[PDB]
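Using the authors' numbering, read the sequence shown as starting at 1 and increasing by one per residue.
Note that CB positions come from ideal geometry on N, CA and C, so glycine has one too.
Structure first, commentary second.
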Amino acid sequence: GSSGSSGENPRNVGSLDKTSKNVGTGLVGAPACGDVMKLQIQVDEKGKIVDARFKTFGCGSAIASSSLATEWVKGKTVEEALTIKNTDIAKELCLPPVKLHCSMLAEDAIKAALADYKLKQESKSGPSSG
Ligand SMILES: [Zn+2]
């Protein structure tokens, strides 16, 4: 419910150097539920995900979907992740139709990661700094 409890600490939650390029950054939260899913994966020279970190803030459904998602990107390549869909996730966690926002949240995070990382590969410098 609204009153978020403090406990059941997550696992493997440690954002990566967002100041680098080899590691993309994907942050996707929920406007209604009010969540903050910060995903970050480190891509090697070959283009394979060697490191993956997820950080969810809000409802559990989000923390779970992520923890599981970020675990699927590990060992896989940026290309593979792009294939990863939310439908499967929702089923894996077996979340209700009310906590769907989370399911999609995971996928959105994954892509944002690889994508953002690619943007730097295609454009070293640009008019935007952010
Ligand atoms: Zn939520």
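Residue i (DSSP reduced to helix, strand or coil)
i     : result
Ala81 : helix
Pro10 : coil
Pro96 : coil
Outcome for residue i when other beta-carbon atoms lying within 10 angstroms are tallied against a minimum of 16
i      : result
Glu107 : buried
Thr56  : buried
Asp35  : buried
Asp116 : buried
Residue i: first and last residue of the uninterrupted beta strand (DSSP E) it sits in
i      : result
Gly130 : That residue, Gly130, is in no beta strand (DSSP E); it is neither H nor E in DSSP.
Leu27  : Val23 to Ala30
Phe54  : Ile49 to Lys55
Distance between residue j and residue i (C-alpha atoms, nearest Å)
i      : j      : result
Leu100 : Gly29  : 13 Å
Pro10  : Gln40  : 16 Å
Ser6   : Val13  : 16 Å
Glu8   : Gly58  : 13 Å
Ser3   : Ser67  : 22 Å
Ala81  : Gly1   : 31 Å
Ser61  : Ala90  : 9 Å
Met37  : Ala113 : 12 Å
Alpha helix (DSSP H) segment containing residue i, residue limits
i      : result
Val36  : First-last for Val36: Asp35 to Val43, but that is the beta strand (DSSP E), not the alpha helix (DSSP H).
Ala62  : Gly60 to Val73
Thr87  : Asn86 to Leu93
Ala112 : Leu100 to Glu122
**Segment contact, 8 Å Cβ cut-off, at least three pairs: the segment 19–26 with the segment 90–102** = no
**Message:** Quick test of the definition: if touching needs 3 or more C-beta pairs under 8 Å, does the segment 40–51 touch the segment 71–78?
**Reply:** yes
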